[PDB]
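Heads up: the structure comes next, in structure tokens.
For the numbers below, each heavy atom of this structure counts, side chains included, while hydrogens, waters and symmetry mates do not. Here is how names work: the chains are called A, B, and so on, in the same order as the sequence lines, proteins then strands, and each is numbered from 1.
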Amino acid sequence: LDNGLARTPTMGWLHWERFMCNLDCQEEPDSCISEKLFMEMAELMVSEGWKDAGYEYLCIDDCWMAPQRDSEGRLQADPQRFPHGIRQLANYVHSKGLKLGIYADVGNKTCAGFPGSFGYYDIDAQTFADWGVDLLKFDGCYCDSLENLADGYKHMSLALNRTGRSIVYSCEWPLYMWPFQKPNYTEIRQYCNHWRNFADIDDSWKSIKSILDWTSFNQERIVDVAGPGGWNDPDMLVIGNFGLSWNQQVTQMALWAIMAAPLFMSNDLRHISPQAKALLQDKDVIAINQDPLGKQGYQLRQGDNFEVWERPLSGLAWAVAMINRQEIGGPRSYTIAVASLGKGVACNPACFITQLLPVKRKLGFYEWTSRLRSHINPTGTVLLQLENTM
Amino acid sequence: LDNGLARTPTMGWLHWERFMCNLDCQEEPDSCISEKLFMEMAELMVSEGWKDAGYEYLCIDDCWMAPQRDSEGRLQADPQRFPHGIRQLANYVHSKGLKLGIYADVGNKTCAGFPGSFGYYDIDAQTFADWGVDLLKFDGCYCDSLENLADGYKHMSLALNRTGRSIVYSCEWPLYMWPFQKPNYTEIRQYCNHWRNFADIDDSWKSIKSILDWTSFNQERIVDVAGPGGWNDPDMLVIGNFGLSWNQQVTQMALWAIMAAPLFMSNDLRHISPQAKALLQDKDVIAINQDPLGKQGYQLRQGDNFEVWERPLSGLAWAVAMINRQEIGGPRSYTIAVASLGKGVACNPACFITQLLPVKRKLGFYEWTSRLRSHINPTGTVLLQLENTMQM
Ligand SMILES: *[C@@H]1O[C@H](CO)[C@@H](O[C@@H]2O[C@H](CO)[C@@H](O[C@@H]3O[C@H](CO[C@H]4O[C@H](CO)[C@@H](O)[C@H](O)[C@@H]4O)[C@@H](O)[C@H](O[C@H]4O[C@H](CO)[C@@H](O)[C@H](O)[C@@H]4O)[C@@H]3O)[C@H](O)[C@H]2NC(C)=O)[C@H](O)[C@H]1NC(C)=O
Ligand SMILES: *[C@@H]1O[C@H](CO)[C@@H](O[C@@H]2O[C@H](CO)[C@@H](O[C@@H]3O[C@H](CO[C@H]4O[C@H](CO)[C@@H](O)[C@H](O)[C@@H]4O)[C@@H](O)[C@H](O[C@H]4O[C@H](CO)[C@@H](O)[C@H](O)[C@@H]4O)[C@@H]3O)[C@H](O)[C@H]2NC(C)=O)[C@H](O)[C@H]1NC(C)=O
Ligand SMILES: *[C@@H]1O[C@H](CO[C@@H]2O[C@@H](C)[C@@H](O)[C@@H](O)[C@@H]2O)[C@@H](O[C@@H]2O[C@H](CO)[C@@H](O)[C@H](O)[C@H]2NC(C)=O)[C@H](O)[C@H]1NC(C)=O
Ligand SMILES: *[C@@H]1O[C@H](CO[C@@H]2O[C@@H](C)[C@@H](O)[C@@H](O)[C@@H]2O)[C@@H](O[C@@H]2O[C@H](CO)[C@@H](O)[C@H](O)[C@H]2NC(C)=O)[C@H](O)[C@H]1NC(C)=O
Ligand SMILES: *[C@@H]1O[C@H](CO)[C@@H](O[C@@H]2O[C@H](CO)[C@@H](O)[C@H](O)[C@H]2NC(C)=O)[C@H](O)[C@H]1NC(C)=O
Ligand SMILES: *[C@@H]1O[C@H](CO)[C@@H](O)[C@H](O)[C@H]1NC(C)=O
Ligand SMILES: *[C@@H]1O[C@H](CO)[C@H](O)[C@H](O)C1(F)F
Ligand SMILES: *[C@@H]1O[C@H](CO)[C@H](O)[C@H](O)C1(F)F
Ligand SMILES: OC[C@H]1O[C@@H](O)[C@H](O)[C@@H](O)[C@@H]1O
């Protein structure tokens, strides 16, 4: 989407995976979907170095709305859970130097069953702009036709543009189209800043694997379309929660960087391990994800339960990820000719190789003739940066 | 098995999950199956508090054998990877105050393809005893005859007995019987100190779940056969490795305690986090596993992606484990009347409840009519100890 936004993949925090549709503020006041929750996260995004690391967008997902539209037929935030309204919340978020994301749905209802935007795209877009919203996630539930789907995503895209406010536009368009009809990505990109291709992530290694496998299986279709202003969205970062081992968290961070994926954390910033925090704030890894060239990486090799992925970067550099998919035994040895990496240019005549994950270590100079050798932990990833020596 | 051994579930370390059949000592010297690996593991068992915690048995799994038997028809340790032989390794292990486990197979080959013990049950038993072996794990590969399986397992049991040496006998008998007919556990219990019921564990939450679900699905068949001298074996502890989140590791430790499981760590004692070590050496949790009553626990309740398991303990005490099986969102509250716990006996007229996992916390006195309220992390377990009391 040519709106001057998402020139690098959007980075922020989104409530859905960790906090879901918790409306029980009586029994669970500290984790229900409320104005307070977003205030608390805003404060920590500043005080705990998240904004400094590039996480800029504080995003509301589903279950923020009142059950009905107001008298003027506009969306409204829940009167008890969001007693000050969205506009006021955006004022607060802005005063912290952050940006506010919100959520709506192309169909008749949101996925959790709250008011949909079908029939209201222009007023809903204007309402969002009026509130000072900076990002819209636009889900695809309760849409009865393939035609209504396309038209709705296009309509809303154009409606947000006419507001005059810069609003990042996140689309679930391809995901809800897929079962019926294969997406036209040139079309989607024309209308959307990023787009969800695959099923909702959850707090599990199974989930990470299936998303990786979905992406690599479909990489002929989706890799080349991605670029500044339009990204594939493999869903939220779930690092800092409950279901991933340390090595699996490293894999998600490493591969979301390879995939030039938007980085929306879904976690509890009030309760996060030092290790998870340092990985999520990893400067060198964020820098790969945020590479200004914006060329999405891809799976290069698969065999013997290893995967090799690579991504071209600015200034003749490359990122390389090596995953161990064998879920038994110990760290396994993997070797590859450096001449096989970066299409044969990364290390011609030579390259300097720095390992970034699981830990930062300079590996040294590698000749065109060289072989790269690593031990990779089960379900873990080794992430390397290669700098050509001119 | 009435040999006076495994009166509580056996505790130790077994190489298989973490090291498998790595024969490449040239290119993978640190993880290949060698005598140096076992020597070094023995040293760390002592120096790092593992033996103190109760982990006594250093166990060799598959892939220690030379390709062929010697001129006397006896098994031999691989000469390149075990140049000093098993006898000298057993000596080294005993001199650290530990015991040595070894591995063989009922069939013509071990699962990895090395010499089987069929036709050699008595000499192999004697060989191990001469070598100073204290435990035998006996696998079921390359034996496609139900009769030979049963006969070989029974024979090896009696063969070990006749050596006069105390040897823990670990059987994969019920697992390799599954494809043919349901196992007779009275028969197995008579011949074995513990027995593997289900497929090999690996380093994954998926594998933990499948083992738990297999156990609870089959509980009416396996729970009551367990007791001092004979345990169900749900396979190795894989805490300290790579594939389990902290909460998932807590789940395994807790539930292996509920199940009165043998505790065989399969990990690298040279490279293990302080958190995984603290969990594996948790004295209160180990005490539940090692409870003298030796009554296996069971799944009490299941629904809404929750599981409640409990185990009766010595002196009218109970362990209760609450599992959250929902793999999305955050901690979920679960409430239960304490009257429903411990067959209504644990907290009559009252009980003192101490949380053991994920952290140790005293929860206080609970009257028989009162309710217990917890929050459980996705894929995590809350482990509680209930002490029957007349007070408050
Ligand atoms: C509603 O929709 C319209 C149309 O899609 C959007 O308009 C686009 O807005 C973006 C960002 O403002 C424009 O991109 C910028 O254009 C500047 C000049 O462009 C000229 O040259 C191009 C050649 O391709 C012509 O198409 C165009 O007509 C102009 O003659 C550039 O100077 C900008 O450069 C930026 O990037 C460079 C390098 O990366 C940096 O040095 C600078 O910092 C700078 O930011 C940039 O390319 C785009 O041209 C507009 N398209 C059209 C067709 O007009 C609206 O933004 C949108 N409105 C809202 C509110 O969403
Ligand atoms: C080869 O196979 C044989 C046959 O199984 C094994 O011999 C058995 O060994 C066990 C364990 O050593 C013996 O069990 C012991 O029995 C003794 C009781 O004998 C009498 O007295 C008691 C009263 O106390 C009566 O109840 C009973 O009916 C008898 O009349 C006890 O002294 C032992 O108890 C102690 O240890 C046990 C743990 O095993 C504790 O629970 C007790 O509290 C106590 O401390 C014990 O129970 C059994 O009798 C033997 N069976 C036979 C048929 O002889 C060999 O051990 C085995 N050889 C090997 C593998 O080395
Ligand atoms: C949103 O819903 C409207 C309203 O009709 C609904 O759908 C019907 C099939 C039935 O379930 C009713 O109870 C609902 O109220 C949809 O508009 C209708 O569309 C159909 C064809 O799709 C058309 O024949 C009718 O003229 C429409 N009805 C009205 C009231 O105008 C609309 O398609 C839905 N939008 C999306 C994106 O799902
Ligand atoms: C272990 O193997 C022996 C040897 O026989 C082998 O297996 C046969 C099926 C055949 O493929 C031969 O070429 C192999 O050498 C088995 O002992 C035999 O048992 C069969 C009964 O099936 C009997 O007819 C033969 O007389 C036996 N042969 C000998 C050498 O005594 C034995 O069954 C195998 N043991 C186990 C536990 O599976
Ligand atoms: C995929 O969608 C794109 C955009 O809607 C289509 O590209 C347009 O094609 C028409 C002619 O058919 C041209 O007039 C435009 O210049 C194109 N626009 C863009 C953005 O390049 C394309 O036709 C579609 N492809 C398929 C296979 O349906
Ligand atoms: C179980 O097997 C043993 C054989 O040792 C036998 O005593 C018993 O009757 C068997 N039980 C059943 C139900 O077959
Ligand atoms: C849409 O459904 C839910 C919201 O109910 C969630 O936002 C998910 O990621 C979705 F697919 F975008
Ligand atoms: C038998 O197979 C392997 C050895 O190759 C391993 O020991 C496993 O746990 C088994 F099932 F006992
Ligand atoms: O489902 C609960 C039941 O499970 C059995 O296996 C156990 O032996 C019983 O004591 C228990 O009441």
Side-chain angles (χ1 to χ4, degrees), chain A residues 15-22 24 27-28 30-33 37 200-209 235-236 238-251 266-268 270-271 273 275-276 324-333 335 358 373 375-381, chain B residues 15-22 24 26-33 37 200-207 209 236 238-251 266-268 270-271 273 275-276 324-333 335 358 373 375-381:
Chain A
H15 93 247
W16 188 247
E17 195 290 322
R18 180 61 181 260
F19 294 92
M20 308 243 73
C21 197
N22 193 344
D24 185 12
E27 288 287 332
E28 319 218 326
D30 300 315
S31 63
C32 74
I33 314 309
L37 178 73
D200 298 1
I201 200 159
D202 61 26
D203 201 353
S204 77
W205 168 238
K206 171 176 189 177
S207 176
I208 302 299
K209 283 191 287 180
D235 216 355
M236 294 157 285
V238 296
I239 298 157
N241 300 314
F242 308 99
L244 303 189
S245 73
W246 160 252
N247 283 283
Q248 289 147 15
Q249 294 175 50
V250 168
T251 294
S266 201
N267 52 28
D268 194 346
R270 304 169 297 194
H271 307 278
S273 67
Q275 311 85 65
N324 187 3
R325 290 286 297 263
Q326 185 171 122
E327 308 190 13
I328 195 158
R332 285 199 303 143
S333 167
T335 77
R373 14 193 68 119
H375 289 70
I376 309 145
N377 296 336
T379 74
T381 294
Chain B
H15 94 243
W16 186 252
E17 195 287 321
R18 176 65 183 254
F19 297 93
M20 304 177 73
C21 199
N22 198 340
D24 196 5
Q26 281 303 307
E27 299 299 319
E28 300 296 320
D30 290 308
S31 62
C32 79
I33 314 308
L37 185 74
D200 301 0
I201 201 164
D202 75 13
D203 200 354
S204 76
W205 168 234
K206 178 186 193 181
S207 171
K209 281 188 287 174
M236 295 159 278
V238 297
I239 299 159
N241 297 311
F242 308 97
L244 299 186
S245 78
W246 152 258
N247 285 282
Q248 291 154 13
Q249 299 173 68
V250 166
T251 291
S266 198
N267 54 22
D268 194 336
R270 312 164 298 177
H271 316 285
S273 74
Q275 300 80 15
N324 181 8
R325 290 284 298 262
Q326 190 172 293
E327 300 192 21
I328 202 162
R332 288 203 297 149
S333 65
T335 79
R373 310 172 197 273
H375 288 79
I376 311 135
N377 295 335
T379 71
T381 301

Report summary line: All heavy atoms of A/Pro331 vs all of B/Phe242, minimum pair found to be CD-CZ, 3.6 Å

Query raised in the report: What distance do B/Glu27 atom CD and A/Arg373 atom CZ have between them, rounded to the nearest 0.5 Å?
Result: 8.0 Å

Report task. First locate atom CG of A/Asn377, then atom NE2 of B/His271, and finally report the distance between them rounded to the nearest 0.5 Å. Result -> 10.5 Å

Report task. Under 4.5 Å heavy-atom distance to chain A, tell me which part of B/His375 shows up: side chain, backbone, both or neither. Result -> side chain

Report summary line: Rounded to the nearest 0.5 Å, the CD1 atom of A/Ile328 sits from the CZ atom of B/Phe19 at a distance of 13.0 Å

Query raised in the report: What distance separates B/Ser245 OG from A/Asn241 CG, expressed to the nearest 0.5 Å?
Result: 10.5 Å

Query raised in the report: Side chain, backbone, both or neither: which part of B/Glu28 has an atom under 4.5 Å from a heavy atom of chain A?
Result: side chain

Query raised in the report: If you measure from OG on A/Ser204 to NZ on B/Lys206, what distance do you get to the nearest 0.5 Å?
Result: 11.5 Å

Query - salt bridge (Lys or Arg N to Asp or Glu O under 4.0 Å) partners of A/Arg18, counting only residues at least two apart - result: A/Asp268

Query - Distance, nearest 0.5 Å, that separates CG of A/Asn247 from CG of B/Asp203 - result: 9.0 Å

Report summary line: Okay, B/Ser31 and chain A: the region with an atom under 4.5 Å from a heavy atom over there is neither

Requested in this report: Using side-chain hydrogen bond (donor to acceptor under 3.5 Å, both in side chains) as the criterion, list what pairs up with B/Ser266, not counting sequence neighbours.
Outcome: none

Query raised in the report: Counting N and O atoms only, with roles assigned by atom type, does the side chain of A/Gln248 sit under 3.5 Å from a partner on the main chain of B/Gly243, one being a donor and the other an acceptor?
Result: yes

**Report entry** When A/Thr379, A/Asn267, A/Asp202 are compared by non-hydrogen pairs under 4.5 Å with chain B, the top option
**Finding:** A/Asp202

